[PDB]
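Novice: As a preliminary step, the opening chains of the complex are given here in situ:
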Amino acid sequence: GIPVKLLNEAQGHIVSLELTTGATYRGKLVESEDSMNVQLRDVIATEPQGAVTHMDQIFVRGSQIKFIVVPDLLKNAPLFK
Amino acid sequence: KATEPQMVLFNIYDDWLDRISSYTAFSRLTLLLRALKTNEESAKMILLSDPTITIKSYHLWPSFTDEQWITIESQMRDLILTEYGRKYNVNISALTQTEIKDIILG
Amino acid sequence: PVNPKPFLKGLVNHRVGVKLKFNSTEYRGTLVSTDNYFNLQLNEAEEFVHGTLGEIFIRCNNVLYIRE
Amino acid sequence: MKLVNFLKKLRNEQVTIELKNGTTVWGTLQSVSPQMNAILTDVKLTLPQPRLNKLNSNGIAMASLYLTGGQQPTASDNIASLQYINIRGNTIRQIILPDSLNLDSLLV
Amino acid sequence: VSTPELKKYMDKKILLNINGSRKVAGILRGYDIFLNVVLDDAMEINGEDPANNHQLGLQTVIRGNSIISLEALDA
Amino acid sequence: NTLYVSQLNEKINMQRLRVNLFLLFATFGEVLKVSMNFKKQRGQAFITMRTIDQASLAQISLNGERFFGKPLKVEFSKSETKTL
């Protein structure tokens, strides 16, 4: 599907994540699979209650992801032709 | 489910005849017998309308205290009352017992 | 070295309790048959959470564990 | 057998789709996907009132209901009316279909 | 279908949150397609670092369904 | 089409400033761009309009108009905008 292919097209760019637990992981996307589980590099974390920390590497399960924010300039990307 | 010719015995009356006198139960049968034709699908809608009701294993009729059955046969008559009525075009108030019997018996 | 499926094949028509995951309710009864998903059928079951229940079908997702 | 293929013959009928939230949707029914995704047309979707000394209703369903944009300001009780709601399949709990249709023809 | 790629993570000490409440730290050993992750020298992290922390076992395996996020504290 | 403003109050915030600009320029014509992309501030703002006539009118009328203390210096843009 196109929605996952756009996530593969976002590799190497700063993205935002909302886990269904309520946290927010914003940072640079290293890897992504077709199971939507991604791993991110040099990422700032916001706990559900707002406490913010910083971690160098993270791997998240795709089932727990809620929405992913992708750099806007991918809107006109050829997937949408 | 029978692929072969055979004789099978079953009781049409079931609970109602066992509860209520024999003259009246045939009459409640005939009120039903006219009705299920006029109840194309609402039969299973009205007969099962009280889900507390269950059919006994030996028996055919839904076994019940027989008060809703008097309500069931009355609702069913009104469905017969309108369907006989609409084809000839009669008012529901114009319907009388001599007409209501003529609907039942004809 | 028994695995789950032969363990259910060995527990057929034996008295088995089954604990669901919710209220800590367990149905105690003679197992009848099981599906691929481990759906359960029971005869003469009793609900413990005190009652007596003639026949039971239990869907696979709600069971916690099965014991004899 | 997939019983969802039954719902696909219920098209253009008045129906209530009663969801997992407790939210109930009255509407005219359109094509039902094989995953039971149900798409309706003219729908009044609401939440029942548990009375029980005014016990608090679903807190998530009220927010999701106001956020459809269809709840009008002057509604005293909790309802919303809108056109074209599309419902994911896994959200459905019960479906109350009309009394008129006969099952013996449609269940084949 | 596809195996998750933890290949750079294994043998490195890793913290991962089990469910909403929990956080377990251990040296990652192995993993599978469901993300089930087996690790050794497990420790359950809590508010008080030396105090409420208690080790689990020599080898612990985790169902991939309860895994939320996995961070490696390591190179 | 575009009108490059200059000599305005830098102390005011960006979004607010943009809003103000929009409010100002709605009388002449339909404002296509709310605020300049560069957002350097301190006067530098490109008010993009739909019609050239409207822009011209704006230039005429709001030359040295009191906006947040200082008089705004209106002028026509050198290059055409990216949106237009």
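Specialist: That came in fine, so what should we check first? Numbering: from 1, shown residues only, chains lettered A, B, ... in the order given.
Novice: Residue D:83 touches residue D:39, doesn't it?
Specialist: No: checked against CB atoms under 8 Å, the pair residue D:83 and residue D:39 is beyond contact range at 11.5 Å. For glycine as for every other residue, the C-beta is placed from the backbone atoms N, C-alpha and C.
Novice: Of those two, which one has the most company?
Specialist: Using other CB atoms under 10 Å in any protein chain shown as the criterion, residue D:83 and residue D:39 rank with residue D:39 on top: 14 against 10.
Novice: Looks to me like the more buried one is in a strand.
Specialist: Yes: using DSSP: H, G, I helix; E, B strand; the rest coil, the assignment for residue D:39 is a strand.
Novice: Taking chain C, what residue is nearest to chain E?
Specialist: For chain C and chain E, the shortest gap (CB to the nearest CB) falls at residue C:61, measuring 13.3 Å.
Novice: wait, chain F
Specialist: For chain F, CB to the nearest CB, closest residue to chain E: residue F:15, 34.4 Å.
Novice: ok, and the closest non-adjacent residue to that residue?
Specialist: Sequence neighbours aside, residue F:35 is the residue nearest to residue F:15 in space, at 7.8 Å (criterion: CB to CB, 6 or more residues apart in numbering or on different chains).
Novice: tell me the SS of the most centrally placed residue in chain E?
Specialist: By CA atoms, centre = their mean, chain E has its centre lying nearest to residue E:16, at 4.7 Å. The three-state assignment at residue E:16 reads strand, by three-state DSSP.
Novice: list the contacts for residue 67?
Specialist: Since you didn't name a chain, this refers to chain A. A:17-18 (CB atoms under 8 Å, 6 or more residues apart in numbering or on different chains).
Novice: that's the wrong chain, I meant chain C
Specialist: Going by CB under 8 Å, 6+ apart, residue C:67 touches C:16-19.
Novice: let's see it at 7 Å
Specialist: Neighbouring residues of residue C:67 by CB atoms under 7 Å, 6 or more residues apart in numbering or on different chains: C:16-17.
Novice: Give me the distance between it and residue C:15.
Specialist: Going from residue C:67 to residue C:15 by CB to CB, to the nearest Å gives 10 Å.
Novice: Distance of whichever residue of chain A sits closest to chain E relative to residue E:8?
Specialist: Closest to chain E within chain A is residue A:59: 4.1 Å, counting by CB to the nearest CB. Computed with CB to CB, the distance linking residue A:59 and residue E:8 is 10 Å.
Novice: Sequence for chain G below, add it please:
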Amino acid sequence: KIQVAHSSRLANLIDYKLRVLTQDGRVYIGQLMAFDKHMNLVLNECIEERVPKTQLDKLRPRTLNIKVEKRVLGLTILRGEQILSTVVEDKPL
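Specialist: With chain G now in place:
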């Protein structure tokens, strides 16, 4: 307001500004571009609106004015698991 085609599916509608409901009681409003088998969809310029707990109490039955805290997040990709129902807001440019 806006009348959607009496028979229109998620494929028929593209570039319409939609209103998406999730399981958590928040909404994502924006242009739909793609979607998928399991119905995780891609919104272009999207703003998530939320209902305040005090606002939620106000919504309980008795003209109401709710303060809906919302934040803007562009070009997202939702997850089909979270999506609950979808409504149409506007029609394309």
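Novice: let's see the contacts of residue A:67 again after adding chain G.
Specialist: So residue A:67 contacts A:18, G:76-79 (CB under 7 Å, 6+ apart).
Novice: any chance of those in JSON lines, plus distance to residue F:69, neighbour count and secondary structure?
Specialist: Formatted as JSON lines, the contacts of residue A:67 follow (distance: CB to CB, whole Å; neighbours: other CB atoms under 10 Å in any protein chain shown; DSSP: H, G, I helix; E, B strand; the rest coil):
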{"residue": "A:18", "distance to residue F:69": "43", "neighbour count": "25", "secondary structure": "strand"}
{"residue": "G:76", "distance to residue F:69": "41", "neighbour count": "25", "secondary structure": "strand"}
{"residue": "G:77", "distance to residue F:69": "46", "neighbour count": "25", "secondary structure": "strand"}
{"residue": "G:78", "distance to residue F:69": "47", "neighbour count": "25", "secondary structure": "strand"}
{"residue": "G:79", "distance to residue F:69": "50", "neighbour count": "24", "secondary structure": "coil"}
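Novice: Quick one: those as TSV, columns for distance to chain B too.
Specialist: Shown next, in TSV, are these (distance: CB to the nearest CB, whole Å):
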residue	distance to chain B
A:18	45
G:76	47
G:77	46
G:78	41
G:79	40
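Novice: Quickly check the residues you listed for the two that are furthest apart.
Specialist: The most widely separated members of those, counting by CB to CB, are A:18 and G:77 (11.2 Å).
Novice: Not counting sequence-adjacent ones, nearest residue to the residue at the greatest distance from the centre of chain G?
Specialist: Most distant residue from the mean C-alpha position of chain G: residue G:62, 26.9 Å away (CA atoms, centre = their mean). Leaving aside its sequence neighbours, residue G:62 sits nearest to residue D:76 (CB to CB, 6+ apart; 6.3 Å).
Novice: how many neighbours does residue F:12 have?
Specialist: For residue F:12, the count of nearby residues is 14 (other CB under 10 Å).
Novice: check contacts around it.
Specialist: Counted by CB under 7 Å, 6+ apart, residue F:12 has contacts residue F:68.
Novice: and if we set it to 8 Å?
Specialist: Per CB under 8 Å, 6+ apart, neighbours of residue F:12: F:20, F:68.
Novice: on that earlier part again, show me the common contact partners of residue A:18 and residue G:77, please.
Specialist: In contact with both residue A:18 and residue G:77: A:67-68, using CB under 8 Å, 6+ apart.
Novice: Please, where are all the helices along chain F?
Specialist: For chain F, the helices defined by DSSP state H cover F:14-25, F:52-61.
Novice: Among those, which comes closest to residue F:79?
Specialist: Nearest of those to residue F:79, taken as CB to CB: helix F:52-61 at 14.5 Å.
Novice: Chain H follows; place it on the structure:
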Amino acid sequence: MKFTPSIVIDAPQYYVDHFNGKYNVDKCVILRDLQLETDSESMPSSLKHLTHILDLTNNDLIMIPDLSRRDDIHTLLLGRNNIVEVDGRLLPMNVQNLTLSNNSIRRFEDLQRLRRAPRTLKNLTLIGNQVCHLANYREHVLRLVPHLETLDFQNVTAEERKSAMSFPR
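Specialist: Now chain H, sitting on the chains shown earlier:
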């Protein structure tokens, strides 16, 4: 001509105002130079489409009234309108800004029409109106506006808001 439903339907609701919200409607062939002499009738044809912004600039409207319940509407641009009074109960909770430049609104007529509010609008422009000239007009406007974030591009001064509140008390 008069503001009908057909005109509204015709109006270009394609190009969205990208500053805030969506659907920047311009009623008739063009709301800018539509020449709506009567009050804004047939507001129901829009049906609260979508900080929804409506541009009514360069039109004949005498009174800011006759609106249908519009939840979305946040911005009204009313420039070059012969507004005299704008009293209403429809657009109260809704709306974040109001641009009234080059109109006929009275200093007392503008103050009378609102009737005061605990909270209202947030952005207001009354420039090129007779009332603004009137002595203590800014103080009177601040007292009338009740809560306010702006007054003719300059914010009512925090100290000015305090003194105005004291005058109100």
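Novice: With chain H now part of the structure, what is the answer for the neighbour count of residue F:12?
Specialist: The tally of other residues near residue F:12 (other CB under 10 Å) stands at 16.
Novice: And for residue C:7, the neighbour number?
Specialist: Neighbour tally, residue C:7, other CB under 10 Å: 11.
Novice: In which helix or strand does residue A:15 reside?
Specialist: strand A:14-19 (DSSP states H and E).
Novice: Output that strand as CSV, nothing but the C-alphas.
Specialist: Only the C-alpha atoms of strand A:14-19 are listed here, as CSV (Å, rounded to 0.1, in the frame of the first residue of the first chain):
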residue,chain,number,x,y,z
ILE,A,14,13.2,13.9,10.8
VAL,A,15,9.8,12.4,11.6
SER,A,16,7.4,12.4,14.6
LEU,A,17,5.7,9.4,16.2
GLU,A,18,2.7,9.1,18.5
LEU,A,19,2.6,5.7,20.3
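Novice: is it anywhere near chain G?
Specialist: Yes: using CB under 8 Å from any CB of the partner chain, we find that strand A:14-19 touches chain G at residue A:16.
Novice: buried stuff in that strand?
Specialist: By 16 or more other CB atoms under 10 Å in any protein chain shown, the buried positions in strand A:14-19 come out as A:14-19.
Novice: Also stretch H:114-121?
Specialist: H:114, H:120-121.
Novice: need the contact list for the closest residue to residue G:81 other than its chain neighbours.
Specialist: If the residues on either side of it in the chain are set aside, residue G:81 comes closest to residue A:63, at 7.1 Å by CB to CB, 6+ apart. Neighbour list for residue A:63: A:36-37, E:65, G:81 [criterion: CB under 8 Å, 6+ apart].
Novice: Would you quantify the distance from residue A:63 to residue E:65?
Specialist: Distance, residue A:63 to residue E:65, using CB to CB: 8 Å.
Novice: so who does residue 1 touch?
Specialist: Going with chain A. The neighbourhood of residue A:1, defined by CB under 8 Å, 6+ apart, consists of G:34-37, G:40.
Novice: wait, chain G
Specialist: Residue G:1 neighbours (CB under 8 Å, 6+ apart): H:47-49.
Novice: That one and residue D:84: what is the separation?
Specialist: 11 Å.
Novice: what does residue D:9 give?
Specialist: 21 Å.
Novice: More neighbours: these two, which one.
Specialist: residue D:84 (21 against 13).
Novice: for the closest residue in space to that one that isn't next to it in sequence, phi and psi?
Specialist: Computed as CB to CB, 6+ apart, the closest residue to residue D:84 that is not its neighbour in sequence is residue G:4, at 3.9 Å. Torsion angles at residue G:4 (phi, psi; degrees, to the nearest 10) stand at phi -80, psi 150.
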